[PDB]
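**Student:** Please see the structure below; I have some questions.
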Amino acid sequence: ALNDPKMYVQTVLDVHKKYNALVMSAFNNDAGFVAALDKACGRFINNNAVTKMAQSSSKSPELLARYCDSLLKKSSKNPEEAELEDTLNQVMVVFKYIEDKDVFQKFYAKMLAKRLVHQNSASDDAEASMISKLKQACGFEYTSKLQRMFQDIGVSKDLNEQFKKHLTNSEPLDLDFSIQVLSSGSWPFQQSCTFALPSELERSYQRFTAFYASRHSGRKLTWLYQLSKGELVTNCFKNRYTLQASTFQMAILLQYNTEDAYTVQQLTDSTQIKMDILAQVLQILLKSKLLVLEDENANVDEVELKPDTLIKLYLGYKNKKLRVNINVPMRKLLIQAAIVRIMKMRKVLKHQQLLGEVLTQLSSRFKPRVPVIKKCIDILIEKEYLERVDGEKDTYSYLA
Amino acid sequence: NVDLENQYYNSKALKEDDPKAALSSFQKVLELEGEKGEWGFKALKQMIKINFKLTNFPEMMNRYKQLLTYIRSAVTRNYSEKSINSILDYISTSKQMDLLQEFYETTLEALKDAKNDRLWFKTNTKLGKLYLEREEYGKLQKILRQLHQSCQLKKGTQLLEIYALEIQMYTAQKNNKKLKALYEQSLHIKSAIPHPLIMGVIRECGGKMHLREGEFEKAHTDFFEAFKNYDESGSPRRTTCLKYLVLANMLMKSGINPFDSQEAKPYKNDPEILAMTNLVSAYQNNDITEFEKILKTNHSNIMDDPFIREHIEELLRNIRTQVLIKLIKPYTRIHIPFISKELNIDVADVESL
Amino acid sequence: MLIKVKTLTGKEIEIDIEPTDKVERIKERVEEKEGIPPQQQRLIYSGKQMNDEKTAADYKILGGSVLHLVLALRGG
Amino acid sequence: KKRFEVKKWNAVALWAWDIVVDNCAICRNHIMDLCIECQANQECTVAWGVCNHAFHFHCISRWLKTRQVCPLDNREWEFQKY
Amino acid sequence: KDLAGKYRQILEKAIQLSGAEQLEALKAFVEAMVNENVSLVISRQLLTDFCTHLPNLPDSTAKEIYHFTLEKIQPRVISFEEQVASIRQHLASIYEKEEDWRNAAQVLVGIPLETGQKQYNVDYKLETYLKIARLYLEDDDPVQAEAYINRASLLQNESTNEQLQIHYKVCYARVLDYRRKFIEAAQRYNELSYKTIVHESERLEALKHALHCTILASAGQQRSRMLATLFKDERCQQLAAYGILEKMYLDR
Ligand SMILES: CC(C)n1nc(C(F)F)cc1C(=O)Nc1ccc([C@H]2[C@@H](O)CCCc3cncn32)c(-c2ccccc2)c1
Ligand SMILES: [Zn+2]
Ligand SMILES: [Zn+2]
Ligand SMILES: [Zn+2]
């Protein structure tokens, strides 16, 4: 199951459905048959045995998120939107049975980010349907991050087509420029690695910022060059090569515009890339045999990548593959006590009214953050502590 | 196989502006393509981009029947719809009534038989926007009724798109009775993820119907939401809900400067909303002398549209009331003519107030 | 061995235990004596509140130590 | 005519507000002051909502005593990120 | 190959010229550096060396070259985003040395500190914002100094420079005093007078400014309690306005 959990998930789906049909025929709601159902699914499925000695326990309940990712990810011939919906419908029913739904929204949000920003998402219309279904489960606050991620994808799509119209009124760009503006505070991505923009891509850069100054006022742009790709062609080789590479590989290849060979130190100094990231980029470039060094007999494994080796562009590049693509991926217990203490005096309190009375009354030490207090109050009301009102507004009450 | 990998790059990277040569090579691609590959559509799109300019319409009717079939299964939904938008948008201003009329008739019937769920829904909505912008409200209703009658919840995204189209059409019809019903209908939908342009028409007419009725607080919430969504997507209409945002904020007994949030601060000094910025800066910290001067100077920027002229009577009276209340605070006996000189109104009007 | 617990008012109860007995056992014995729930009751020795996980190893008296019982509301 | 030409570049950005915050719209003092009330008696800290609107803790606390909405957007005010 | 040897010799000699012929040499040579044909290894690096030698040349001549260079870097700013910061900072010093606050403030304003790909450190942004507010204050423009003192307020909380926080508080009190908020500025000045880090000479200056602001403040509950605190201070007798403070405290 650990090696190939793909078919492990499919086993659970088939077993559950057939159990209901057999009972209603002759058993007539037998006491013994119904009782044995709740004991088998809980212990055997929710937490399996091999999660203990394999030092991997958090990943076990998280294999459901990747299953739904595979259905909405760009792949080969996929099932049509006629039989897939009904299988997803019963998935919602079993989802409420799990208690740690918070981690579900985290992993699905991170996986959705990589699917959308890289244009690897399939059936984008169906993606809105999937997120809409998750909204009904808990609320818009539960899917607050997810909805914003999908919204800015549509905004950027209309922004690019509006940018094309703006290009006709000015000098046409020598390259096709498309950009996902994304958003700050709603995405897992963040700028971490500094980068020197190549002189070829600067002008378009500036152009776009102008388009983002007239359209939007008081808005910055934190470009993520590690998440940007592009297509680069060669006009001096024997054959035309339209390679697809990230911004880092693009800059490394474009550095050979003026010369033929460079050392690692000059590459590091000119592009200001960190040692580890640049080492990984150089290694994956060497895997594609795009750049070679003087000594073929030298082994890259037992010889450290010292920042002095002179790598030269291989002018007789005749690699047998015409489809080169180097763009492949490389305990506190204080807040619960405070909550019960503040609910002692006031029998009935709103959720947000209770927040602040505990969130920031003791904020001078151990700033608690909203989600921690939400989770603690959830595990409290679960264990016969708050027993919130049956639906009248959002009062949480006490022993009522 | 081996030749498919090599030939496609040669015919794509090399633009081959010379005609009567690249046509033959691309023709062999479609017939020889046996596998269920995506590369067939990409080369097939090139002839539409280049050879469409050089007439050759009789050639295209023969090739159009099999063109739509590849959308279903050869490529994904996102790629098929993306290629359509670029070509169709720029030919709208190119006139060609003889092309636009006959193309839509034959395409709509063929696509209806195959796709009904989502691909047909968006294309028909796009055509509905075309009817809306052409000021032709005689054939939008027929396609709107068939769009609306698809349910009889779980389809909130599609329902809100229809409601936005109805609201936009009735705005041009000068209809107010239907606007109330449409806005309340959208309130029952709580599971929609629409574009931030769809929820800028529903949330703008909701603020306007609240403005007319007299609920200035609910209008402020609707105008803030509409302005925020118009800021994310859109531009020309964004600096129209901001003016109504400030006016609604002045009609809720003031309080809190609208130009303090991060969304409205950059547009505070914009020339279009500069007059309203000074209006709210004078409404708060009540001073009638400055408030009246701004109204007199910016007569063609404030007292122009009926949505602000009508409510200018409610203003210039609340600010006068607040000045009056503060003025009479430290007095046990005051002169009515003395009040009139401070309020800049007649003695008879002071007694009525 | 056989200790005495006194409340604030001065009421004395004599409860018998073993050296390996836990403080939860003390609270349960007081419950069987009067009826006080263990969570609504606090035990003090030498002016320091007992922790709820230690089996009376440093509370060795061998002569009936005097314990202090304080009523408190559930969870403070 | 150029020796080497770039054909495509799919960039990715991350827009953010140029000015993070410059005022608390309940006391008109910016978010690093004491909310006037803490100025008289010496604490004051920031508070955010789901609308990402920042106010002083004390200001929004006394605003929530009688109301239940965000002062700026007039929406349901829920505390977020302390 | 020929670029490294020949062009290095010609650049090092041409910088030493006599008179007006120097300007003509820089016009054609700088334009050759802006050209796209020059890679960003012999243009970005040597521009820093070119700029560090400029302050030695007289300030009167340095103004014209500094302005001309900024115009030529404008088409390609993102590449030379670090030279612009140093060039404009150097030019602001020359403008302030000529008792020209408006020009110095505008030059420092043009530096991209938020809308830029170079992430300047908190200390750099804090000290630049304080200088801009101070220069605007010297131009009798409280509105502009208020705007740039708000930005510096968001960086002083997390800055590790203890001295820079004192500088920010001094400028903040001056801005409040300029904005005719005397009662609020008096309290800020009073806090500064109680800091042992600040020198005694300026400590009395802060006390003098606090007393002047309290006297100029509007009469009321807050002003009366500030007067009592100042009178109870034993260092107020050294100020030339102690006699007025005594009468004002006694409600005379
Ligand atoms: C005698 C003590 C130790 N005590 N024994 C037992 C019992 F469980 F054993 C229980 C207790 C005990 O401290 N109770 C208590 C309960 C409530 C309050 C506050 C509370 O409501 C908060 C609102 C104000 C209030 C008005 N009237 C009671 N209060 C207090 C209390 C009163 C003054 C100062 C501090 C605390 C004590
Ligand atoms: Zn405040
Ligand atoms: Zn405060
Ligand atoms: Zn808000």
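Just so we're on the same page: first chain in the structure tokens is A, next is B, and so on; residues restart at 1 for each chain, and ligands are numbered from 1 in the order they show up.
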Which residues form the shell of 6 Å around ligand 1 when you count only C-alpha atoms and all ligand atoms, given as a VMD selection string?

**Tutor:** (chain A and resid 345) or (chain C and resid 71 to 73)

**Student:** With a cut-off of 8 Å and counting only C-alpha atoms, select all residues of chain E in contact with chain A and give the selection as a list in words.

**Tutor:**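 The selection requested is residues 36, 39, 40, 41, 76, 78, 79, 114, 115 and 117 of chain E.
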
**Student:** 8 Å from ligand 2 is the threshold here; counting only C-alpha atoms and all ligand atoms, which polymer residues fall inside it? Answer as a ChimeraX atom specification.

**Tutor:** /D:23-31,33-36,55-60

**Student:** Output C-alpha atoms for every residue in that selection, as a short mmCIF file (atom, residue, chain, number, x, y, z; two decimals), in the first residue's frame.

**Tutor:**
```
data_model
loop_
_atom_site.label_atom_id
_atom_site.label_comp_id
_atom_site.auth_asym_id
_atom_site.auth_seq_id
_atom_site.Cartn_x
_atom_site.Cartn_y
_atom_site.Cartn_z
CA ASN D 23 -4.40 54.85 9.51
CA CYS D 24 -6.93 53.26 11.85
CA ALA D 25 -10.34 54.51 10.74
CA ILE D 26 -11.81 54.71 14.24
CA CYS D 27 -9.38 57.16 15.90
CA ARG D 28 -7.63 58.58 12.77
CA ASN D 29 -4.20 57.76 14.22
CA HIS D 30 -2.07 55.36 12.24
CA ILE D 31 -1.71 51.78 13.37
CA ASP D 33 0.13 54.71 17.88
CA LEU D 34 -1.72 53.81 21.07
CA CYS D 35 -5.35 54.50 19.98
CA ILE D 36 -5.45 57.72 22.14
CA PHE D 55 -7.58 48.54 13.29
CA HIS D 56 -6.35 49.06 16.83
CA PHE D 57 -7.31 46.28 19.22
CA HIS D 58 -9.04 48.68 21.61
CA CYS D 59 -10.81 50.59 18.83
CA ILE D 60 -12.33 47.51 17.19
#
```

**Student:** Enumerate residues in contact with ligand 4: an atom-to-atom distance of at most 8 Å, counting only C-alpha atoms and all ligand atoms. Format the result as a list in words.

**Tutor:** residues 49, 50, 51, 52, 53, 69, 70, 71, 72, 73, 74, 75, 76 and 77 of chain D

**Student:** Go ahead and write the residues just picked, N, CA and C atoms, as a PDB file, in the first residue's frame.

**Tutor:**
```pdb
ATOM      1  N   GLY D  49      -8.979  41.583  10.176  1.00  0.00           N
ATOM      2  CA  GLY D  49     -10.173  40.822   9.896  1.00  0.00           C
ATOM      3  C   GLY D  49     -10.009  39.980   8.643  1.00  0.00           C
ATOM      4  N   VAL D  50     -11.083  39.262   8.307  1.00  0.00           N
ATOM      5  CA  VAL D  50     -11.081  38.502   7.062  1.00  0.00           C
ATOM      6  C   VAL D  50     -11.044  39.444   5.869  1.00  0.00           C
ATOM      7  N   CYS D  51     -11.535  40.671   6.037  1.00  0.00           N
ATOM      8  CA  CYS D  51     -11.415  41.687   5.002  1.00  0.00           C
ATOM      9  C   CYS D  51     -10.013  42.270   4.918  1.00  0.00           C
ATOM     10  N   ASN D  52      -9.092  41.814   5.768  1.00  0.00           N
ATOM     11  CA  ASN D  52      -7.723  42.328   5.820  1.00  0.00           C
ATOM     12  C   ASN D  52      -7.706  43.828   6.100  1.00  0.00           C
ATOM     13  N   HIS D  53      -8.620  44.275   6.955  1.00  0.00           N
ATOM     14  CA  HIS D  53      -8.673  45.663   7.394  1.00  0.00           C
ATOM     15  C   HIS D  53      -8.088  45.743   8.798  1.00  0.00           C
ATOM     16  N   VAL D  69     -20.150  44.647  12.752  1.00  0.00           N
ATOM     17  CA  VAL D  69     -19.714  44.721  11.365  1.00  0.00           C
ATOM     18  C   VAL D  69     -18.406  45.495  11.293  1.00  0.00           C
ATOM     19  N   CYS D  70     -17.676  45.276  10.207  1.00  0.00           N
ATOM     20  CA  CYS D  70     -16.443  46.017   9.977  1.00  0.00           C
ATOM     21  C   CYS D  70     -16.775  47.466   9.644  1.00  0.00           C
ATOM     22  N   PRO D  71     -16.079  48.440  10.234  1.00  0.00           N
ATOM     23  CA  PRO D  71     -16.406  49.846   9.945  1.00  0.00           C
ATOM     24  C   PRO D  71     -16.246  50.227   8.484  1.00  0.00           C
ATOM     25  N   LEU D  72     -15.265  49.656   7.784  1.00  0.00           N
ATOM     26  CA  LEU D  72     -14.967  50.097   6.426  1.00  0.00           C
ATOM     27  C   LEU D  72     -15.903  49.457   5.406  1.00  0.00           C
ATOM     28  N   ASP D  73     -15.876  48.131   5.301  1.00  0.00           N
ATOM     29  CA  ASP D  73     -16.649  47.429   4.286  1.00  0.00           C
ATOM     30  C   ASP D  73     -18.060  47.075   4.732  1.00  0.00           C
ATOM     31  N   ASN D  74     -18.408  47.325   5.995  1.00  0.00           N
ATOM     32  CA  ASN D  74     -19.756  47.085   6.516  1.00  0.00           C
ATOM     33  C   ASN D  74     -20.194  45.635   6.333  1.00  0.00           C
ATOM     34  N   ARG D  75     -19.237  44.718   6.285  1.00  0.00           N
ATOM     35  CA  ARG D  75     -19.513  43.294   6.185  1.00  0.00           C
ATOM     36  C   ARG D  75     -19.401  42.643   7.558  1.00  0.00           C
ATOM     37  N   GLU D  76     -19.775  41.367   7.618  1.00  0.00           N
ATOM     38  CA  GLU D  76     -19.611  40.596   8.843  1.00  0.00           C
ATOM     39  C   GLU D  76     -18.145  40.585   9.256  1.00  0.00           C
ATOM     40  N   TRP D  77     -17.853  41.180  10.409  1.00  0.00           N
ATOM     41  CA  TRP D  77     -16.481  41.317  10.882  1.00  0.00           C
ATOM     42  C   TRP D  77     -16.089  40.078  11.674  1.00  0.00           C
TER      43      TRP D  77
END
```

**Student:** Write out as a list in words which residues come within 12 Å of residue D:1 when counting only C-alpha atoms, dropping same-chain ones fewer than 6 positions away.

**Tutor:**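 Surrounding residues, per the criterion: residues 174, 235 and 236 of chain A.
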
**Student:** Only residues of chain B matter here; which ones have an atom within 6 Å of chain A, counting only C-alpha atoms? Give them as a PyMOL selection string.

**Tutor:** chain B and resi 77+191+233+266

**Student:** May I have the residues within 9 Å of residue C:18 as a PyMOL selection string, using only C-alpha atoms and disregarding those fewer than 3 positions away in the same chain?

**Tutor:** chain C and resi 1-2+21-22

**Student:** Next, write the just-selected residues to a file, as an mmCIF file, in the first residue's frame, keeping N, CA and C atoms as the atom set.

**Tutor:**
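Once everything was written out, this is selection_18.cif:
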```
data_model
loop_
_atom_site.group_PDB
_atom_site.id
_atom_site.type_symbol
_atom_site.label_atom_id
_atom_site.label_comp_id
_atom_site.auth_asym_id
_atom_site.auth_seq_id
_atom_site.Cartn_x
_atom_site.Cartn_y
_atom_site.Cartn_z
ATOM 1 N N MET C 1 -0.855 5.935 55.293
ATOM 2 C CA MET C 1 -1.610 4.719 55.565
ATOM 3 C C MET C 1 -3.084 5.065 55.765
ATOM 4 N N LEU C 2 -3.388 5.752 56.865
ATOM 5 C CA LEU C 2 -4.752 6.189 57.171
ATOM 6 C C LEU C 2 -4.678 7.682 57.474
ATOM 7 N N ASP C 21 -0.971 4.266 46.399
ATOM 8 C CA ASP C 21 -2.216 4.855 45.925
ATOM 9 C C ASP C 21 -1.965 6.210 45.274
ATOM 10 N N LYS C 22 -2.803 6.542 44.297
ATOM 11 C CA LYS C 22 -2.680 7.773 43.533
ATOM 12 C C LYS C 22 -3.592 8.854 44.115
#
```

**Student:** For chain C, work out the contacting residues on chain A at 10 Å, counting only C-alpha atoms, and write them as a PyMOL selection string.

**Tutor:** chain A and resi 336-338+340-342+344

**Student:** Using only C-alpha atoms and a distance of at most 10 Å, pull out the residues of chain E that contact chain D, as an mmCIF file with N, CA and C atoms, in the first residue's frame.

**Tutor:**
```cif
data_model
loop_
_atom_site.group_PDB
_atom_site.id
_atom_site.type_symbol
_atom_site.label_atom_id
_atom_site.label_comp_id
_atom_site.auth_asym_id
_atom_site.auth_seq_id
_atom_site.Cartn_x
_atom_site.Cartn_y
_atom_site.Cartn_z
ATOM 1 N N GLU E 114 9.875 50.749 -2.416
ATOM 2 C CA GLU E 114 8.847 49.720 -2.360
ATOM 3 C C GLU E 114 8.572 49.104 -3.723
ATOM 4 N N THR E 115 8.471 49.928 -4.766
ATOM 5 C CA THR E 115 8.247 49.440 -6.127
ATOM 6 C C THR E 115 9.595 49.215 -6.814
ATOM 7 N N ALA E 147 3.345 62.655 5.443
ATOM 8 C CA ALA E 147 3.167 61.452 4.638
ATOM 9 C C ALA E 147 4.362 60.515 4.759
ATOM 10 N N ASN E 150 4.842 58.660 8.179
ATOM 11 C CA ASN E 150 3.961 57.521 8.407
ATOM 12 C C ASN E 150 4.612 56.230 7.930
ATOM 13 N N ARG E 151 5.323 56.289 6.801
ATOM 14 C CA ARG E 151 6.026 55.115 6.296
ATOM 15 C C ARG E 151 7.125 54.679 7.255
ATOM 16 N N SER E 153 7.053 54.973 10.361
ATOM 17 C CA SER E 153 6.448 54.413 11.564
ATOM 18 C C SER E 153 6.274 52.905 11.456
ATOM 19 N N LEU E 154 6.086 52.388 10.242
ATOM 20 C CA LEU E 154 5.883 50.959 10.045
ATOM 21 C C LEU E 154 7.179 50.162 10.077
ATOM 22 N N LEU E 155 8.334 50.824 10.131
ATOM 23 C CA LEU E 155 9.619 50.142 10.120
ATOM 24 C C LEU E 155 10.386 50.262 11.429
ATOM 25 N N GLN E 156 10.025 51.208 12.298
ATOM 26 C CA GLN E 156 10.762 51.395 13.542
ATOM 27 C C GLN E 156 10.477 50.301 14.562
ATOM 28 N N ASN E 157 9.330 49.627 14.460
ATOM 29 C CA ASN E 157 8.984 48.605 15.442
ATOM 30 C C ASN E 157 9.913 47.400 15.350
ATOM 31 N N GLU E 184 0.008 66.957 21.597
ATOM 32 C CA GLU E 184 0.559 65.633 21.329
ATOM 33 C C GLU E 184 2.073 65.687 21.171
ATOM 34 N N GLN E 187 4.030 65.830 24.683
ATOM 35 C CA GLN E 187 4.239 64.556 25.361
ATOM 36 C C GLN E 187 5.399 63.784 24.746
ATOM 37 N N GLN E 222 -6.379 68.112 29.370
ATOM 38 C CA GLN E 222 -5.094 67.500 29.043
ATOM 39 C C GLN E 222 -3.944 68.481 29.229
#
```

**Student:** Specify as a short mmCIF file (atom, residue, chain, number, x, y, z; two decimals) with N, CA and C atoms, in the first residue's frame all residues of chain D found within 7 Å of chain A, counting only C-alpha atoms.

**Tutor:**
```
data_model
loop_
_atom_site.label_atom_id
_atom_site.label_comp_id
_atom_site.auth_asym_id
_atom_site.auth_seq_id
_atom_site.Cartn_x
_atom_site.Cartn_y
_atom_site.Cartn_z
N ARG D 3 21.19 38.04 -33.06
CA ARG D 3 21.91 36.78 -33.03
C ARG D 3 21.09 35.69 -32.34
N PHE D 4 20.55 36.00 -31.17
CA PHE D 4 19.68 35.08 -30.43
C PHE D 4 18.46 35.85 -29.95
N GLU D 5 17.28 35.30 -30.20
CA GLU D 5 16.02 35.95 -29.89
C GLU D 5 15.19 35.08 -28.97
N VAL D 6 14.54 35.71 -27.99
CA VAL D 6 13.61 35.03 -27.10
C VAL D 6 12.22 35.11 -27.71
N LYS D 7 11.49 33.99 -27.66
CA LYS D 7 10.17 33.91 -28.27
C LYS D 7 9.03 33.96 -27.27
N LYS D 8 9.16 33.32 -26.11
CA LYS D 8 8.09 33.29 -25.12
C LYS D 8 8.65 33.47 -23.72
N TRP D 9 7.82 34.01 -22.83
CA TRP D 9 8.17 34.13 -21.42
C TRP D 9 6.87 34.21 -20.63
N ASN D 10 6.55 33.14 -19.90
CA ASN D 10 5.35 33.08 -19.06
C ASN D 10 5.77 33.43 -17.64
N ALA D 11 5.69 34.72 -17.31
CA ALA D 11 6.09 35.21 -16.01
C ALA D 11 5.02 34.93 -14.96
N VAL D 12 5.43 35.02 -13.70
CA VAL D 12 4.52 34.90 -12.56
C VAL D 12 4.89 35.98 -11.56
N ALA D 13 3.89 36.73 -11.10
CA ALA D 13 4.09 37.83 -10.17
C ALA D 13 3.24 37.61 -8.93
N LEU D 14 3.26 38.60 -8.03
CA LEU D 14 2.50 38.54 -6.78
C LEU D 14 2.21 39.97 -6.36
N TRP D 15 1.01 40.46 -6.68
CA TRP D 15 0.66 41.84 -6.39
C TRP D 15 0.36 42.02 -4.91
N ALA D 16 0.72 43.19 -4.39
CA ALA D 16 0.44 43.56 -3.01
C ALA D 16 0.24 45.06 -2.94
N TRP D 17 -0.40 45.51 -1.87
CA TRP D 17 -0.65 46.93 -1.70
C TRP D 17 0.67 47.67 -1.48
N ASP D 18 0.82 48.81 -2.17
CA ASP D 18 2.04 49.59 -2.05
C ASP D 18 2.23 50.11 -0.63
N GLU D 78 -15.09 39.36 11.18
CA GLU D 78 -14.54 38.20 11.87
C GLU D 78 -13.04 38.39 12.03
N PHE D 79 -12.54 38.12 13.23
CA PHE D 79 -11.12 38.29 13.51
C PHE D 79 -10.29 37.30 12.70
N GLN D 80 -9.18 37.77 12.15
CA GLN D 80 -8.27 36.93 11.40
C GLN D 80 -6.85 37.43 11.62
N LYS D 81 -5.91 36.50 11.75
CA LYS D 81 -4.49 36.81 11.95
C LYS D 81 -4.33 37.79 13.12
N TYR D 82 -4.88 37.37 14.25
CA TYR D 82 -4.86 38.17 15.48
C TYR D 82 -5.42 39.58 15.27
#
```

**Student:** Which polymer residues have any atom within 10 Å of an atom of residue C:53, counting only C-alpha atoms, with same-chain residues fewer than 2 positions away left out, as JSON, numbers by chain?

**Tutor:** {"C": [22, 23, 24, 50, 51, 55, 56]}

**Student:** Any idea which chain B residues end up within 10 Å of chain D if we count only C-alpha atoms, as an mmCIF file with C-alpha atoms, in the first residue's frame please?

**Tutor:**
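Dumped to out03.cif:
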```cif
data_model
loop_
_atom_site.group_PDB
_atom_site.id
_atom_site.type_symbol
_atom_site.label_atom_id
_atom_site.label_comp_id
_atom_site.auth_asym_id
_atom_site.auth_seq_id
_atom_site.Cartn_x
_atom_site.Cartn_y
_atom_site.Cartn_z
ATOM 1 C CA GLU B 217 -26.639 51.116 5.076
ATOM 2 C CA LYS B 218 -27.300 48.043 2.932
ATOM 3 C CA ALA B 219 -26.452 50.123 -0.144
ATOM 4 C CA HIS B 220 -23.032 50.914 1.335
ATOM 5 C CA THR B 221 -22.235 47.207 1.719
ATOM 6 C CA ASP B 222 -23.349 46.482 -1.848
ATOM 7 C CA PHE B 223 -21.423 49.411 -3.334
ATOM 8 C CA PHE B 224 -18.221 48.488 -1.493
ATOM 9 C CA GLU B 225 -18.435 44.904 -2.760
ATOM 10 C CA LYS B 228 -13.896 46.063 -4.984
ATOM 11 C CA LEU B 245 -19.860 54.320 -2.102
ATOM 12 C CA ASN B 249 -21.474 56.616 3.395
ATOM 13 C CA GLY B 255 -18.888 58.005 10.253
ATOM 14 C CA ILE B 256 -15.609 56.472 9.020
ATOM 15 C CA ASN B 257 -13.822 57.942 6.003
ATOM 16 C CA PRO B 258 -14.376 55.765 2.900
ATOM 17 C CA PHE B 259 -10.923 56.777 1.619
ATOM 18 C CA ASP B 260 -9.161 54.928 4.432
ATOM 19 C CA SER B 261 -9.296 51.327 3.194
ATOM 20 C CA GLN B 262 -6.448 50.072 1.032
ATOM 21 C CA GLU B 263 -8.747 49.737 -1.993
ATOM 22 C CA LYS B 265 -6.981 55.218 -0.867
ATOM 23 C CA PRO B 266 -5.093 55.140 -4.226
#
```

**Student:** May I have the residues within 12 Å of residue E:140 as a list in words, using only C-alpha atoms and disregarding those fewer than 3 positions away in the same chain?

**Tutor:**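 Non-adjacent residues within range: residues 101, 102, 133, 134, 135, 136, 137, 143, 144, 145, 146, 174, 175, 177, 178 and 179 of chain E.
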
**Student:** Produce a file of the selected residues containing N, CA, C and O atoms, as a tab-separated table (two decimals), in the first residue's frame.

**Tutor:**
```tsv
chain	number	residue	atom	x	y	z
E	101	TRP	N	16.34	72.52	0.04
E	101	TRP	CA	15.62	71.37	0.58
E	101	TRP	C	14.66	70.75	-0.42
E	101	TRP	O	14.52	69.53	-0.45
E	102	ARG	N	14.00	71.58	-1.24
E	102	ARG	CA	12.99	71.05	-2.16
E	102	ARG	C	13.62	70.11	-3.19
E	102	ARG	O	13.09	69.03	-3.45
E	133	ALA	N	11.41	63.28	5.35
E	133	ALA	CA	10.52	64.05	6.20
E	133	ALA	C	11.22	65.29	6.76
E	133	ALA	O	10.63	66.37	6.84
E	134	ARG	N	12.49	65.14	7.16
E	134	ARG	CA	13.24	66.27	7.69
E	134	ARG	C	13.45	67.35	6.63
E	134	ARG	O	13.31	68.54	6.92
E	135	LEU	N	13.78	66.94	5.40
E	135	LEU	CA	13.98	67.91	4.33
E	135	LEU	C	12.68	68.64	4.00
E	135	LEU	O	12.69	69.85	3.74
E	136	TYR	N	11.56	67.92	4.01
E	136	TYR	CA	10.27	68.56	3.77
E	136	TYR	C	9.92	69.53	4.90
E	136	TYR	O	9.30	70.57	4.66
E	137	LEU	N	10.31	69.19	6.13
E	137	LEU	CA	10.07	70.09	7.26
E	137	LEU	C	10.82	71.40	7.09
E	137	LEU	O	10.29	72.47	7.39
E	143	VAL	N	2.63	68.94	5.34
E	143	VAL	CA	1.80	67.92	4.70
E	143	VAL	C	2.66	66.81	4.11
E	143	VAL	O	2.37	65.62	4.28
E	144	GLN	N	3.74	67.19	3.41
E	144	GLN	CA	4.60	66.19	2.79
E	144	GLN	C	5.43	65.43	3.82
E	144	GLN	O	5.66	64.23	3.66
E	145	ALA	N	5.89	66.12	4.87
E	145	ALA	CA	6.66	65.44	5.91
E	145	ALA	C	5.79	64.46	6.69
E	145	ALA	O	6.27	63.42	7.15
E	146	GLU	N	4.51	64.79	6.86
E	146	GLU	CA	3.59	63.88	7.54
E	146	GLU	C	3.43	62.58	6.77
E	146	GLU	O	3.39	61.50	7.37
E	174	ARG	N	8.68	66.70	15.85
E	174	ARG	CA	8.78	67.91	15.05
E	174	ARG	C	7.64	68.01	14.04
E	174	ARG	O	7.11	69.09	13.79
E	175	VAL	N	7.26	66.88	13.44
E	175	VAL	CA	6.15	66.87	12.49
E	175	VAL	C	4.85	67.23	13.19
E	175	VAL	O	4.04	68.01	12.66
E	177	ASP	N	4.55	69.02	15.92
E	177	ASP	CA	4.63	70.44	16.23
E	177	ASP	C	4.35	71.29	14.99
E	177	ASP	O	3.66	72.31	15.07
E	178	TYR	N	4.88	70.87	13.84
E	178	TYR	CA	4.62	71.60	12.60
E	178	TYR	C	3.15	71.53	12.20
E	178	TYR	O	2.62	72.49	11.63
E	179	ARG	N	2.50	70.41	12.47
E	179	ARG	CA	1.09	70.22	12.16
E	179	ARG	C	0.16	70.86	13.19
E	179	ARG	O	-1.04	70.56	13.19
```

**Student:** Excluding stretch 5-17 of chain C and its own-chain neighbours fewer than 3 positions away, which residues fall within 9 Å of it when counting only C-alpha atoms? Please give them as number ranges by chain.

**Tutor:** C: 1-2, 20-21, 25-26, 29-30, 33, 43, 64-71

**Student:** Which parts of stretch 10-166 of chain B does DSSP call helix (DSSP H, G or I) when run on the backbone here, written out as a VMD selection string?

**Tutor:** chain B and resid 10 to 13 22 to 32 39 to 51 57 to 64 69 to 73 77 to 90 92 to 94 97 to 114 119 to 133 140 to 148 156 to 166

**Student:** Which residue is closest to residue A:335? Choose from A:385, A:237, A:97, A:366 and count only C-alpha atoms.

**Tutor:**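 Counting only C-alpha atoms, the residue closest to residue A:335 is A:366.
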